[PDB]
Amino acid sequence: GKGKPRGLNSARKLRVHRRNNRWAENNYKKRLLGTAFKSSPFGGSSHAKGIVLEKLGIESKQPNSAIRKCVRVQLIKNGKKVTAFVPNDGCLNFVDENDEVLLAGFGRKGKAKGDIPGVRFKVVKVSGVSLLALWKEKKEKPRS
Amino acid sequence: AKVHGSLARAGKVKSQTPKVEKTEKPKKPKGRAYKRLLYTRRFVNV
Amino acid sequence: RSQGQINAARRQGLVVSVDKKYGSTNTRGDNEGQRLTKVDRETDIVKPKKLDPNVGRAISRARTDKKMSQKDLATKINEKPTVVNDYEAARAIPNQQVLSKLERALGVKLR
Amino acid sequence: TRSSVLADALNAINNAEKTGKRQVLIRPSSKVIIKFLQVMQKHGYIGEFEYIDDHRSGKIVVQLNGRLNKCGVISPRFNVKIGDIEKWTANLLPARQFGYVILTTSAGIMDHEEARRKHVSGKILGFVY
RNA sequence: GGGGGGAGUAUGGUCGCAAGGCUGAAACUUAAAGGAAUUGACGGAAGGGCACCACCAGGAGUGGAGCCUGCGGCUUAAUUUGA
RNA sequence: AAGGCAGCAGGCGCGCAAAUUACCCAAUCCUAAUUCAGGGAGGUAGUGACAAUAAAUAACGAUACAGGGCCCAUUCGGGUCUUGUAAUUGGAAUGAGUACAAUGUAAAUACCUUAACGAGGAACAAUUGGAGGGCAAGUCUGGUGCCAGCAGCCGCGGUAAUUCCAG
RNA sequence: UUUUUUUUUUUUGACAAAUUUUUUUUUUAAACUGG
């Protein structure tokens, strides 16, 4: 019974059958296809630096009705263009075009977060200092 | 519309908050002495 | 109560009164928690700490006519500006925590 | 087809303890079933059993006395080193202080307890409690 | 077989003057999609009753006319306003 | 004509991403014709919140109001039982540091010792995230009004926001 | 003498977005002499 072989000389069948059914797993495939290297915008890295191209306003999806104040960024090491959310209020004033921001993942390991559609990234540092410091008036943005 | 978002009013609430300064208070004890304050203040029933 | 005996009575015994308090930790004190049972079991009407006869009239002027407004005064004691309004002349049931913050924020020593 | 006659015999016994019967009839019978029933008998898990002699393979009628919760077979007959026996008794016995795992050593078919004091090991057949 | 999509799509192979089968991804996107049952509500579903705020058989009409009386609209310094 | 730092130190570049162009053969050992010379092997120090261990930021005291329940009660009182708020004071102890010395060491630095200074809220002042649920902790106040924003997830915000910005 | 036995159907399209949320309180009836 039970649909799998059980004989003592049948380890090859069980081992090859486990191998074939491992591919249905989401993260086993990405570990063995190298999807992080080839397909992901960051090259399988926690962080990446970029260059700001434009300020964006993205409508929040239902049932929220705000404007999310994100930016469009082009990375240095890849040249790819990603959209990154700019956190709590006034920070879009602290970011401008061509500030060489630093980016991180947005929490959900390659997925969008909250009511923002199609943004997988956030800004951490702008002009090389912080956003927490600039928001809390602990540091000052360099004159550029 | 469905093309742009109005980026004009970023920071419109933090700018207009009627700010008030943190009042100076006596400092609280630190380290093992803070667990004294904590774990008597939660058990004052004599 | 407060360090008068709770260290002196702890001479190598370490357990007398180590039970847990009521357990709110931000909801206000139980200064009337005893009176709440008495008004519950007594099957008639009882008068709830009737009025503020002169602590209303005299202390409204000493607090507020000095510099301040009730909209300002209720903001530093963290109550709604109608709470101080009914502490002005009459029409309140005075509780201890509100009347204590009323005293320590503006100094006048009438309880 | 029939792959192991020991599994059929222990299924037959286990089904009749559940229903409330006091006897089974198993068919066919082998030396392995005879020895497995003899180990069950000496620990008091079953009563008397009689072997009917066909000329084919024989049948057994086994008298049941309650007090049996499960008799099961382990297929395949895994090889068990002498240090792996407490990994099996922990797995498929209800407590550490009754129940037996029947093995097949070169010293013969025997339960795990007196395989230990004989200091032998081998393949696993099953369990009773 | 291993959440729902993207998608039985793309690419390569194969079966090939055909439709098309077989094998078969990924990027990206998404907080549910789904199964079984419960209580309501609903049906241009059924069965059993009931009502002149339903009909049938009729009566008196109202809608047509003049007026006076509320409402809308328009006007107005305001034509106070609710429904 | 000359070259090969994936030796040591350093520079440029690359990047999310990584230290001083320092001192010495005194230890560990290696080589040589060799006890002696040599060794960026190696050791010492600098940078270093990669990780790991131990554990300062205070300890004893003295001093008071405001209630509430119940009891006895004249009504003026106690006489318990508990609730909160501090607020003014005193002598004691110590190292974080500044350092004679000695110790440490190839020579130093530092540690371990130790003369002399070194605590009263103004400092010798602990932060980082949170307070709807998961998940411990406010239905307190001011501002905003589906805006700003929060929110890993469910959700919050359209004029009484326990969820944003503040105290 | 199983014996009873209502035959039917023209047309009826649509209705924007968000929402309505409930927790288990008594820790309080605890006071007595030794002469």
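Taken together, the values in this text are just the output of simple stated rules run on the coordinates, not laboratory data. Note that we place each Cβ from the backbone using ideal geometry, even for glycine, and neighbour counts take in every protein chain shown.
Our Cα-only numbers for segment D:69-129 put the radius of gyration and Dmax at 10.3, 29 Å. Highest GNM mean-square fluctuation among D:46, D:34, D:102, for chain D modelled with Cα contacts below 10 Å: D:34. Build a GNM of chain A with springs between Cα atoms under 10 Å apart, and of A:108, A:19, A:120 the one that fluctuates most is A:19.
Given a Förster distance of 45 angstrom, what is the FRET efficiency for residue C:91 paired with residue B:30, based on the Cβ-Cβ distance and rounded to 0.05?
Approximately 0.50, to the nearest 0.05.
Could you estimate the translational diffusion coefficient of chain D from the Stokes-Einstein equation, with Rh from the Kirkwood formula over C-alpha pairs, at 25 °C and 0.890 mPa s, in whole µm²/s? Approximately 163 µm²/s, per Stokes-Einstein.
Here each label is just a point 7 Å from Cα along the line to Cβ, and for residue D:8 and residue A:72 those points are 7.7 nm apart.
Are any of the pairs A:29/A:55; A:69/A:111; A:61/B:12 more than 27 Å apart by Cα-Cα distance, and if so, which?
Working: A:29/A:55 36 Å; A:69/A:111 18 Å; A:61/B:12 21 Å.
Listed pairs above 27 Å: A:29/A:55.
Plainly put, chain A has a radius of gyration that is 1.22 times its Kirkwood radius, both from alpha-carbon atoms, as the Rg/Rh ratio. With a threshold of 18 Å on the Cα-Cα distance, the over-threshold entries among C:66/C:109; D:31/D:81; D:31/D:59; B:28/C:76 are D:31/D:81; B:28/C:76.
Just A:131, A:32, A:56 to compare: in a GNM of chain A, with alpha carbon springs under 10 Å, which one fluctuates most? The residue with the greatest mean-square fluctuation here is A:32.
For segment D:20-96, applying the loop criterion from DSSP together with a ceiling of 13 other beta carbons within 10 Å to the GluC sites (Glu not before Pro) yields D:48.
Straight-line cross-link reach from residue C:50 at under 17 Å between alpha-carbon atoms covers these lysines, not counting any fewer than eight positions away in the same chain: C:38. With a simple spin-label model that places each label point 7 Å from the Cα along the Cα-to-Cβ direction, the separation between residue C:45 and residue C:83 comes to 2.8 nm.
Of C:19, D:8, D:84, the sequence from fewest to most neighbouring Cβ atoms within 10 angstrom is C:19, D:84, D:8.
In peptide D:69-81, how many Cβ atoms from other protein chains are near each Cβ within 10 Å, on average? Please list the in-between numbers first.
Working: counts 0, 0, 0, 0, 0, 0, 3, 6, 1, 1, 1, 0, 0.
Mean shielding count: 1.
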